[PDB]
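**Student:** So that you have it, the file is upload-v6.cif, and it contains mmCIF, C-alpha atoms:
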```cif
data_run
#
loop_
_atom_site.label_atom_id
_atom_site.label_comp_id
_atom_site.auth_asym_id
_atom_site.auth_seq_id
_atom_site.Cartn_x
_atom_site.Cartn_y
_atom_site.Cartn_z
CA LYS A 6 -100.88 130.76 -59.68
CA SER A 7 -104.20 131.37 -57.93
CA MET A 8 -106.14 128.12 -57.42
CA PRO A 9 -108.74 129.23 -54.85
CA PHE A 10 -110.94 126.16 -55.39
CA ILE A 11 -108.28 123.84 -53.92
CA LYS A 12 -109.07 124.40 -50.24
CA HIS A 13 -112.78 123.81 -50.92
CA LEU A 14 -112.15 120.29 -52.25
CA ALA A 15 -111.77 119.29 -48.57
CA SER A 16 -115.12 120.76 -47.49
CA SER A 17 -117.45 118.57 -45.45
CA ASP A 18 -120.24 119.79 -47.76
CA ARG A 19 -120.20 117.61 -50.91
CA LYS A 20 -121.97 120.28 -52.94
CA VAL A 21 -118.97 122.52 -52.24
CA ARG A 22 -116.59 119.73 -53.24
CA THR A 23 -118.51 119.16 -56.47
CA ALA A 24 -118.32 122.87 -57.31
CA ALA A 25 -114.61 122.92 -56.43
CA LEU A 26 -114.05 120.02 -58.84
CA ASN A 27 -115.84 121.89 -61.63
CA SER A 28 -113.60 124.91 -61.03
CA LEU A 29 -110.63 122.54 -61.30
CA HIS A 30 -111.95 121.16 -64.60
CA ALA A 31 -112.31 124.71 -65.92
CA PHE A 32 -108.92 125.68 -64.49
CA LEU A 33 -107.25 122.81 -66.36
CA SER A 34 -109.08 123.82 -69.54
CA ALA A 35 -107.67 127.38 -69.50
CA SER A 40 -98.93 129.23 -68.17
CA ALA A 41 -97.76 125.64 -67.81
CA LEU A 42 -98.20 123.61 -64.63
CA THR A 43 -95.17 123.31 -62.38
CA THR A 44 -94.26 120.40 -60.13
CA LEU A 45 -95.47 122.49 -57.19
CA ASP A 46 -98.79 123.23 -58.91
CA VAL A 47 -99.71 119.56 -59.32
CA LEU A 48 -98.66 118.64 -55.77
CA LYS A 49 -101.17 121.21 -54.51
CA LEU A 50 -103.85 120.04 -56.95
CA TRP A 51 -103.38 116.36 -56.09
CA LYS A 52 -103.44 116.94 -52.32
CA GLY A 53 -106.76 118.71 -52.82
CA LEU A 54 -107.99 115.86 -55.01
CA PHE A 55 -106.71 113.39 -52.41
CA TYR A 56 -108.81 115.02 -49.70
CA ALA A 57 -111.81 115.25 -52.03
CA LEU A 58 -111.80 111.45 -52.17
CA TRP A 59 -110.94 111.24 -48.46
CA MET A 60 -114.20 113.04 -47.63
CA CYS A 61 -116.33 110.94 -50.02
CA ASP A 62 -118.28 108.48 -47.85
CA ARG A 63 -120.56 106.75 -50.38
CA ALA A 64 -119.68 103.77 -52.55
CA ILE A 65 -121.09 104.97 -55.89
CA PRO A 66 -119.78 108.58 -55.64
CA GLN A 67 -116.37 107.12 -54.75
CA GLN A 68 -116.37 104.99 -57.90
CA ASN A 69 -117.31 107.97 -60.08
CA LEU A 70 -114.74 110.20 -58.38
CA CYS A 71 -111.93 107.71 -59.01
CA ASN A 72 -112.84 107.56 -62.71
CA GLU A 73 -113.25 111.35 -62.83
CA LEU A 74 -109.81 111.82 -61.28
CA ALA A 75 -108.12 109.25 -63.53
CA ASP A 76 -109.77 110.72 -66.64
CA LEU A 77 -108.34 114.19 -65.90
CA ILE A 78 -105.35 112.94 -67.91
CA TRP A 79 -107.26 113.58 -71.15
CA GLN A 80 -107.83 117.26 -70.24
CA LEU A 81 -104.14 117.93 -69.87
CA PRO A 82 -101.71 119.38 -72.40
CA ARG A 83 -99.30 116.77 -73.74
CA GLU A 84 -96.38 118.53 -72.04
CA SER A 85 -97.92 118.33 -68.55
CA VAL A 86 -99.16 114.72 -68.35
CA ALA A 87 -95.91 113.23 -67.03
CA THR A 88 -95.55 116.08 -64.53
CA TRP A 89 -99.17 115.43 -63.54
CA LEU A 90 -98.71 111.70 -62.96
CA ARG A 91 -95.51 112.32 -61.00
CA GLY A 92 -97.58 114.61 -58.79
CA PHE A 93 -100.06 111.78 -58.30
CA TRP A 94 -97.45 109.19 -57.30
CA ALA A 95 -95.66 111.67 -55.04
CA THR A 96 -99.02 112.48 -53.44
CA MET A 97 -99.94 108.83 -52.85
CA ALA A 98 -96.42 108.08 -51.62
CA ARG A 99 -96.53 110.90 -49.06
CA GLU A 100 -100.07 110.14 -47.85
CA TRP A 101 -99.94 106.34 -47.85
CA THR A 102 -99.12 105.50 -44.23
CA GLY A 103 -101.81 107.90 -42.99
CA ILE A 104 -104.72 106.13 -44.71
CA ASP A 105 -106.71 104.13 -42.17
CA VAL A 106 -108.07 100.64 -42.77
CA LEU A 107 -111.59 101.99 -43.37
CA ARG A 108 -110.54 104.45 -46.09
CA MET A 109 -107.91 102.33 -47.87
CA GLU A 110 -110.18 100.58 -50.38
CA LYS A 111 -111.20 103.74 -52.25
CA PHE A 112 -107.56 104.83 -52.54
CA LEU A 113 -106.56 101.39 -53.81
CA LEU A 114 -109.22 101.85 -56.50
CA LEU A 115 -107.99 105.36 -57.31
CA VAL A 116 -104.46 104.04 -57.86
CA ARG A 117 -105.83 101.26 -60.08
CA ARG A 118 -107.86 103.63 -62.25
CA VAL A 119 -105.09 106.24 -62.52
CA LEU A 120 -102.71 103.46 -63.55
CA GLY A 121 -105.33 102.07 -65.93
CA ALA A 122 -105.89 105.47 -67.54
CA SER A 123 -102.12 105.91 -67.87
CA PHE A 124 -101.92 102.66 -69.86
CA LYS A 125 -104.87 103.65 -72.05
CA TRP A 126 -103.18 107.02 -72.58
CA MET A 127 -100.17 105.21 -74.08
CA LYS A 128 -102.39 103.79 -76.83
CA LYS A 129 -103.01 105.14 -80.32
CA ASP A 130 -106.63 105.08 -81.46
CA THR A 147 -99.98 99.53 -87.89
CA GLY A 148 -98.19 101.13 -84.95
CA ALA A 149 -100.72 100.78 -82.14
CA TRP A 150 -98.88 102.46 -79.24
CA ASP A 151 -97.22 105.85 -78.73
CA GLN A 152 -93.66 105.04 -77.65
CA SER A 153 -93.03 108.54 -76.28
CA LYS A 154 -96.07 108.17 -74.03
CA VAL A 155 -94.90 104.64 -73.17
CA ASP A 156 -91.50 105.95 -72.06
CA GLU A 157 -93.19 108.51 -69.80
CA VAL A 158 -95.65 106.08 -68.19
CA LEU A 159 -93.13 103.26 -67.70
CA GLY A 160 -90.47 105.69 -66.49
CA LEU A 161 -92.86 106.69 -63.72
CA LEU A 162 -93.34 103.04 -62.77
CA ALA A 163 -89.55 102.81 -62.54
CA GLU A 164 -89.55 106.02 -60.50
CA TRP A 165 -92.14 105.15 -57.88
CA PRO A 166 -93.70 101.69 -57.32
CA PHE A 167 -90.88 99.70 -58.95
CA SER A 168 -88.03 102.01 -57.93
CA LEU A 169 -84.79 100.34 -56.89
CA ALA A 170 -84.14 103.42 -54.74
CA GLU A 171 -86.04 104.10 -51.54
CA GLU A 172 -86.60 107.87 -51.90
CA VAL A 173 -87.35 110.31 -54.72
CA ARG A 174 -85.96 113.82 -55.20
CA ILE A 175 -88.31 116.54 -56.43
CA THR A 176 -86.38 119.68 -57.39
CA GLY A 183 -82.92 118.23 -53.68
CA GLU A 184 -85.55 120.45 -52.10
CA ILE A 185 -88.27 117.79 -51.60
CA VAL A 186 -87.27 114.18 -50.91
CA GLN A 187 -90.07 111.61 -50.64
CA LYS A 188 -89.62 108.11 -49.26
CA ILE A 189 -91.54 105.40 -51.16
CA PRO A 190 -93.93 103.51 -48.84
CA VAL A 191 -93.85 99.74 -49.15
CA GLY A 192 -97.64 99.40 -49.22
CA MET A 193 -97.74 101.41 -52.44
CA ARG A 194 -95.33 99.00 -54.13
CA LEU A 195 -97.34 96.02 -52.88
CA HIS A 196 -100.60 97.36 -54.31
CA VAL A 197 -99.12 98.12 -57.74
CA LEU A 198 -97.59 94.63 -57.74
CA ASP A 199 -101.09 93.23 -57.15
CA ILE A 200 -102.75 95.01 -60.09
CA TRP A 201 -100.21 95.63 -62.85
CA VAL A 202 -101.11 92.42 -64.70
CA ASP A 203 -104.82 93.23 -64.23
CA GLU A 204 -104.35 96.65 -65.81
CA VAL A 205 -102.09 95.63 -68.69
CA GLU A 206 -104.68 92.96 -69.53
CA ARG A 207 -107.57 95.44 -69.39
CA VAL A 208 -106.03 97.72 -72.05
CA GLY A 209 -105.18 94.75 -74.29
CA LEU A 210 -101.41 94.57 -73.75
CA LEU A 211 -101.50 90.80 -73.11
CA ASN A 212 -102.32 90.02 -76.76
CA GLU A 213 -99.72 87.40 -77.62
CA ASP A 214 -99.96 88.37 -81.32
CA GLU A 215 -98.77 91.99 -81.01
CA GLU A 216 -95.01 92.50 -81.24
CA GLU A 217 -95.47 96.06 -79.96
CA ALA A 218 -97.51 94.91 -76.95
CA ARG A 219 -95.18 92.09 -75.91
CA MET A 220 -92.21 94.48 -75.77
CA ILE A 221 -94.15 96.78 -73.43
CA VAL A 222 -95.04 93.87 -71.14
CA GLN A 223 -91.40 92.76 -71.22
CA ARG A 224 -90.19 96.23 -70.22
CA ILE A 225 -92.58 96.19 -67.26
CA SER A 226 -91.59 92.61 -66.38
CA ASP A 227 -87.92 93.62 -66.41
CA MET A 228 -88.70 96.39 -63.91
CA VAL A 229 -90.43 93.93 -61.58
CA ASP A 230 -87.68 91.34 -62.07
CA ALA A 231 -85.06 93.95 -61.15
CA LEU A 232 -87.16 94.82 -58.09
CA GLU A 233 -87.25 91.20 -56.87
CA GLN A 234 -83.48 90.85 -57.29
CA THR A 235 -82.55 93.93 -55.25
CA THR A 236 -85.36 94.56 -52.77
CA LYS A 237 -84.70 94.33 -49.03
CA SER A 238 -88.37 93.62 -48.32
CA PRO A 239 -89.44 89.94 -48.34
CA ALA A 240 -93.02 91.09 -48.93
CA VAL A 241 -91.97 93.05 -52.03
CA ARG A 242 -89.70 90.16 -53.04
CA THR A 243 -92.59 87.70 -52.73
CA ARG A 244 -95.18 89.82 -54.56
CA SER A 245 -92.74 90.60 -57.38
CA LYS A 246 -91.94 86.90 -57.78
CA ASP A 247 -95.65 86.07 -57.56
CA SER A 248 -96.80 88.56 -60.21
CA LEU A 249 -94.02 87.43 -62.56
CA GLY A 250 -95.40 83.88 -62.44
CA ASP A 251 -98.91 85.04 -63.40
CA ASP A 252 -100.37 82.55 -65.87
CA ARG A 253 -101.73 85.44 -67.95
CA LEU A 254 -98.25 86.66 -68.92
CA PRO A 255 -97.28 85.54 -72.46
CA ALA A 256 -93.77 84.66 -71.25
CA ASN A 257 -95.41 81.89 -69.17
CA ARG A 258 -97.59 80.32 -71.89
CA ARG A 259 -96.97 77.63 -74.53
#
```
With the file now loaded, output its structure as structure tokens.

**Tutor:**
Amino acid sequence: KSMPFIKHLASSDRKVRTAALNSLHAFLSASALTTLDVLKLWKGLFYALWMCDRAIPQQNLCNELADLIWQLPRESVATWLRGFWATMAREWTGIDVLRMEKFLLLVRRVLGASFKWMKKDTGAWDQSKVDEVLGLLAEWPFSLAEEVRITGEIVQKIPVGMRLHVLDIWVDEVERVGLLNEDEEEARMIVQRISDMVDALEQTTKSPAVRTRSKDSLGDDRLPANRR
């Protein structure tokens, strides 16, 4: 697969990065993506945000990157999001204090788009898309294991800061897509399945920070299991 635009996403010239993104949009429009294809695409997208210095272009770029999910064939979305989490997991400890905030926002929007992707728009949610999104939460931020195999050939260790960020925002992002509606049976099951993943994380984790954030987010007053 020839993806010549990828190396230009890291250009110091933002006009070149913008053109490289448009080639990527057209490339995704036009065989199927492999695990290796999305790792290369997401590293290029990672560095495209890394080079973005301005607050408003960063906010647009995070939404642009998260909304790429709607351009993808149904069969490639889960492979695509695994490439995202593997990318963030590999690159996490190298992100300096000055550049962290825009990558925290990227994770939030990509997670938020993943939740919105689960939705149908009286069955309101696509359970096959729910299994894929939640299975990735179990695979990366809420994994009871400490490394992920990608074949194995490629083994990636899960950084603790990535878990801590997802633990900070998962209630925010289930609320934003409307999953905290106490009156939906379908929605409460999805929140329960996510809560069970976080509960399992708090029981097993070696990290007191992860243990504390998991416990904290499970006590969130917004969760229906904590109300009335």

**Student:** Residues near residue 46 of chain A, anyone? I mean within 10 Å using all atoms listed in the file, not counting same-chain ones fewer than 6 positions away, as a list in words.

**Tutor:**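 Using all atoms listed in the file, the neighbours found are residues 6, 7, 8, 88, 89 and 92 of chain A.
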
**Student:** Select, from A:224, A:49, A:207, A:99, the residue with the minimum atom-to-atom distance to residue 193 of chain A, counting only C-alpha atoms.

**Tutor:** A:99

**Student:** Between A:121, A:160, A:148, A:183, which is the closest to residue 209 of chain A once you count all atoms listed in the file?

**Tutor:** A:121

**Student:** Show which residues sit within 9 Å of residue 55 of chain A, as a list in words. Count all atoms listed in the file, and ignore same-chain residues fewer than 5 positions away.

**Tutor:**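 Residues near the query, excluding close chain neighbours: residues 14, 15, 50, 60, 96, 97, 100 and 112 of chain A.
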
**Student:** Can you write out the residues you just picked, keeping C-alpha atoms, as a PDB file, in the frame of the given file?

**Tutor:**
```
ATOM      1  CA  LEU A  14    -112.150 120.290 -52.250  1.00  0.00           C
ATOM      2  CA  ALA A  15    -111.770 119.290 -48.570  1.00  0.00           C
ATOM      3  CA  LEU A  50    -103.850 120.040 -56.950  1.00  0.00           C
ATOM      4  CA  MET A  60    -114.200 113.040 -47.630  1.00  0.00           C
ATOM      5  CA  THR A  96     -99.020 112.480 -53.440  1.00  0.00           C
ATOM      6  CA  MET A  97     -99.940 108.830 -52.850  1.00  0.00           C
ATOM      7  CA  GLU A 100    -100.070 110.140 -47.850  1.00  0.00           C
ATOM      8  CA  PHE A 112    -107.560 104.830 -52.540  1.00  0.00           C
TER       9      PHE A 112
END
```

**Student:** Fewer than 2 positions away in the same chain doesn't count, so skip those; otherwise give me all residues within 8 Å of residue 34 of chain A, counting only C-alpha atoms, as an MDAnalysis selection string.

**Tutor:** chainID A and resid 30:32 80:81

**Student:** Write out, as a short mmCIF file (atom, residue, chain, number, x, y, z; two decimals), in the coordinates of the input, the residues just selected, with C-alpha atoms.

**Tutor:**
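File written: selection_16.cif
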```cif
data_model
loop_
_atom_site.label_atom_id
_atom_site.label_comp_id
_atom_site.auth_asym_id
_atom_site.auth_seq_id
_atom_site.Cartn_x
_atom_site.Cartn_y
_atom_site.Cartn_z
CA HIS A 30 -111.95 121.16 -64.60
CA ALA A 31 -112.31 124.71 -65.92
CA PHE A 32 -108.92 125.68 -64.49
CA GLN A 80 -107.83 117.26 -70.24
CA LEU A 81 -104.14 117.93 -69.87
#
```

**Student:** Which value, in Å to one decimal, gives the distance between atom CA of residue 84 of chain A and atom CA of residue 220 of chain A?

**Tutor:**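 These two atoms are separated by 24.7 Å.
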
**Student:** Give me the residues near residue 19 of chain A as a PDB file with C-alpha atoms, in the frame of the given file, where near means some atom within 12 Å (using only C-alpha atoms) and where sequence neighbours in that chain fewer than 5 positions away do not count.

**Tutor:**
```pdb
ATOM      1  CA  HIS A  13    -112.780 123.810 -50.920  1.00  0.00           C
ATOM      2  CA  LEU A  14    -112.150 120.290 -52.250  1.00  0.00           C
ATOM      3  CA  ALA A  24    -118.320 122.870 -57.310  1.00  0.00           C
ATOM      4  CA  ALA A  25    -114.610 122.920 -56.430  1.00  0.00           C
ATOM      5  CA  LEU A  26    -114.050 120.020 -58.840  1.00  0.00           C
ATOM      6  CA  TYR A  56    -108.810 115.020 -49.700  1.00  0.00           C
ATOM      7  CA  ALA A  57    -111.810 115.250 -52.030  1.00  0.00           C
ATOM      8  CA  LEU A  58    -111.800 111.450 -52.170  1.00  0.00           C
ATOM      9  CA  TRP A  59    -110.940 111.240 -48.460  1.00  0.00           C
ATOM     10  CA  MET A  60    -114.200 113.040 -47.630  1.00  0.00           C
ATOM     11  CA  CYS A  61    -116.330 110.940 -50.020  1.00  0.00           C
ATOM     12  CA  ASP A  62    -118.280 108.480 -47.850  1.00  0.00           C
ATOM     13  CA  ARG A  63    -120.560 106.750 -50.380  1.00  0.00           C
ATOM     14  CA  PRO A  66    -119.780 108.580 -55.640  1.00  0.00           C
ATOM     15  CA  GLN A  67    -116.370 107.120 -54.750  1.00  0.00           C
ATOM     16  CA  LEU A  70    -114.740 110.200 -58.380  1.00  0.00           C
TER      17      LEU A  70
END
```

**Student:** Could you work out how far atom CA of residue 151 of chain A lies from atom CA of residue 246 of chain A, giving the answer in Å with one decimal?

**Tutor:**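 Between these atoms lies a distance of 28.7 Å.
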
**Student:** Quick one: everything within 10 Å of residue 226 of chain A, counting only C-alpha atoms, minus sequence neighbours fewer than 2 positions away in the same chain. Send it as a VMD selection string.

**Tutor:** chain A and resid 201 to 202 220 to 224 228 to 232 245 248 to 249 254 256

**Student:** Closest to residue 152 of chain A among A:41, A:54, A:218, A:29, using only C-alpha atoms?

**Tutor:**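 Among the listed residues, the smallest separation from residue 152 of chain A belongs to A:218.
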
**Student:** For each of A:120, A:205, A:104, A:64, take the minimum atom-to-atom distance to residue 90 of chain A, counting all atoms listed in the file, then give the residue where this is smallest.

**Tutor:** A:120

**Student:** Determine the nearest neighbour of residue 101 of chain A from the options A:258, A:118, A:236, A:195, counting only C-alpha atoms.

**Tutor:**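 Of all the options, A:195 lies closest to residue 101 of chain A.
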
**Student:** What does the distance between atom CA of residue 106 of chain A and atom CA of residue 250 of chain A come to in Å, to one decimal place?

**Tutor:**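 Taking atom CA of residue 106 of chain A and atom CA of residue 250 of chain A, their separation equals 28.8 Å.
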
**Student:** Return as a short mmCIF file (atom, residue, chain, number, x, y, z; two decimals) with C-alpha atoms, keeping the file's coordinate frame the set of residues that the PyMOL selection byres ((chain A and resi 114) around 12) yields on the displayed structure.

**Tutor:**
```cif
data_model
loop_
_atom_site.label_atom_id
_atom_site.label_comp_id
_atom_site.auth_asym_id
_atom_site.auth_seq_id
_atom_site.Cartn_x
_atom_site.Cartn_y
_atom_site.Cartn_z
CA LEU A 58 -111.80 111.45 -52.17
CA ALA A 64 -119.68 103.77 -52.55
CA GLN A 67 -116.37 107.12 -54.75
CA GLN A 68 -116.37 104.99 -57.90
CA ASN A 69 -117.31 107.97 -60.08
CA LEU A 70 -114.74 110.20 -58.38
CA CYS A 71 -111.93 107.71 -59.01
CA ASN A 72 -112.84 107.56 -62.71
CA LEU A 74 -109.81 111.82 -61.28
CA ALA A 75 -108.12 109.25 -63.53
CA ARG A 108 -110.54 104.45 -46.09
CA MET A 109 -107.91 102.33 -47.87
CA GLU A 110 -110.18 100.58 -50.38
CA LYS A 111 -111.20 103.74 -52.25
CA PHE A 112 -107.56 104.83 -52.54
CA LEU A 113 -106.56 101.39 -53.81
CA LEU A 115 -107.99 105.36 -57.31
CA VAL A 116 -104.46 104.04 -57.86
CA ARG A 117 -105.83 101.26 -60.08
CA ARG A 118 -107.86 103.63 -62.25
CA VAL A 119 -105.09 106.24 -62.52
CA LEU A 120 -102.71 103.46 -63.55
CA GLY A 121 -105.33 102.07 -65.93
CA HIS A 196 -100.60 97.36 -54.31
CA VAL A 197 -99.12 98.12 -57.74
CA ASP A 199 -101.09 93.23 -57.15
CA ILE A 200 -102.75 95.01 -60.09
CA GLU A 204 -104.35 96.65 -65.81
#
```

**Student:** Nearest to residue 128 of chain A: which of A:217, A:192, A:76, A:102 is it, counting only C-alpha atoms?

**Tutor:**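 Of all the options, A:217 lies closest to residue 128 of chain A.
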
**Student:** Could segment 148-188 of chain A be completed with N, CA and C atoms and written as a short mmCIF file (atom, residue, chain, number, x, y, z; two decimals), in the frame of the given file, please?

**Tutor:**
```cif
data_model
loop_
_atom_site.label_atom_id
_atom_site.label_comp_id
_atom_site.auth_asym_id
_atom_site.auth_seq_id
_atom_site.Cartn_x
_atom_site.Cartn_y
_atom_site.Cartn_z
N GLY A 148 -98.74 100.84 -86.27
CA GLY A 148 -98.19 101.13 -84.95
C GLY A 148 -99.29 101.50 -83.98
N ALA A 149 -99.54 100.65 -82.99
CA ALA A 149 -100.72 100.78 -82.14
C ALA A 149 -100.46 101.53 -80.84
N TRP A 150 -99.20 101.80 -80.49
CA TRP A 150 -98.88 102.46 -79.24
C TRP A 150 -97.93 103.63 -79.49
N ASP A 151 -98.07 104.67 -78.66
CA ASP A 151 -97.22 105.85 -78.73
C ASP A 151 -96.01 105.62 -77.82
N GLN A 152 -94.84 105.43 -78.43
CA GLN A 152 -93.66 105.04 -77.65
C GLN A 152 -93.16 106.18 -76.77
N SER A 153 -93.41 107.43 -77.15
CA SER A 153 -93.03 108.54 -76.28
C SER A 153 -93.91 108.59 -75.04
N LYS A 154 -95.20 108.27 -75.19
CA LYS A 154 -96.07 108.17 -74.03
C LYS A 154 -95.77 106.91 -73.22
N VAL A 155 -95.30 105.85 -73.88
CA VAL A 155 -94.90 104.64 -73.17
C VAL A 155 -93.68 104.91 -72.30
N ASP A 156 -92.69 105.63 -72.84
CA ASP A 156 -91.50 105.95 -72.06
C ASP A 156 -91.85 106.76 -70.82
N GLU A 157 -92.83 107.66 -70.93
CA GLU A 157 -93.19 108.51 -69.80
C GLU A 157 -93.95 107.72 -68.74
N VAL A 158 -94.87 106.85 -69.15
CA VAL A 158 -95.65 106.08 -68.19
C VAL A 158 -94.77 105.04 -67.50
N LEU A 159 -93.98 104.30 -68.28
CA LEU A 159 -93.13 103.26 -67.70
C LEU A 159 -92.01 103.86 -66.87
N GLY A 160 -91.47 105.01 -67.29
CA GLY A 160 -90.47 105.69 -66.49
C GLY A 160 -90.98 106.09 -65.12
N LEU A 161 -92.27 106.38 -65.02
CA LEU A 161 -92.86 106.69 -63.72
C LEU A 161 -93.04 105.44 -62.87
N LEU A 162 -93.35 104.30 -63.50
CA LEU A 162 -93.34 103.04 -62.77
C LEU A 162 -91.95 102.75 -62.21
N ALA A 163 -90.91 102.97 -63.02
CA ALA A 163 -89.55 102.81 -62.54
C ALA A 163 -89.21 103.84 -61.47
N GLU A 164 -89.88 104.99 -61.48
CA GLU A 164 -89.55 106.02 -60.50
C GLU A 164 -90.25 105.81 -59.17
N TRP A 165 -91.44 105.20 -59.15
CA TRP A 165 -92.14 105.15 -57.88
C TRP A 165 -92.41 103.72 -57.41
N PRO A 166 -93.40 102.99 -57.94
CA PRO A 166 -93.70 101.69 -57.32
C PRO A 166 -92.61 100.66 -57.51
N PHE A 167 -91.91 100.68 -58.64
CA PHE A 167 -90.88 99.70 -58.95
C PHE A 167 -89.47 100.27 -58.80
N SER A 168 -89.33 101.37 -58.07
CA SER A 168 -88.03 102.01 -57.93
C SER A 168 -87.07 101.14 -57.14
N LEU A 169 -85.84 101.01 -57.64
CA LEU A 169 -84.79 100.34 -56.89
C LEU A 169 -84.23 101.22 -55.78
N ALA A 170 -84.46 102.52 -55.84
CA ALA A 170 -84.14 103.42 -54.74
C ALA A 170 -85.30 103.46 -53.75
N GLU A 171 -85.03 104.02 -52.57
CA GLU A 171 -86.04 104.10 -51.54
C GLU A 171 -86.61 105.51 -51.35
N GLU A 172 -86.01 106.54 -51.95
CA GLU A 172 -86.60 107.87 -51.90
C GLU A 172 -86.43 108.57 -53.24
N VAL A 173 -87.27 109.58 -53.46
CA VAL A 173 -87.35 110.31 -54.72
C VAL A 173 -87.07 111.78 -54.45
N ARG A 174 -86.28 112.41 -55.32
CA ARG A 174 -85.96 113.82 -55.20
C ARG A 174 -86.81 114.63 -56.17
N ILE A 175 -87.36 115.74 -55.67
CA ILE A 175 -88.31 116.54 -56.43
C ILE A 175 -87.87 118.00 -56.45
N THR A 176 -86.87 118.31 -57.27
CA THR A 176 -86.38 119.68 -57.39
C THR A 176 -86.17 120.06 -58.85
N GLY A 183 -81.92 117.32 -53.15
CA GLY A 183 -82.92 118.23 -53.68
C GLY A 183 -83.74 118.92 -52.61
N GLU A 184 -84.73 119.71 -53.04
CA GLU A 184 -85.55 120.45 -52.10
C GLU A 184 -86.55 119.54 -51.39
N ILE A 185 -87.24 118.68 -52.14
CA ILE A 185 -88.27 117.79 -51.60
C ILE A 185 -87.85 116.36 -51.88
N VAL A 186 -87.65 115.59 -50.82
CA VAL A 186 -87.27 114.18 -50.91
C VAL A 186 -88.38 113.35 -50.29
N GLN A 187 -88.94 112.43 -51.07
CA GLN A 187 -90.07 111.61 -50.64
C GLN A 187 -89.66 110.15 -50.59
N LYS A 188 -89.87 109.53 -49.43
CA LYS A 188 -89.62 108.11 -49.26
C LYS A 188 -90.81 107.30 -49.79
#
```
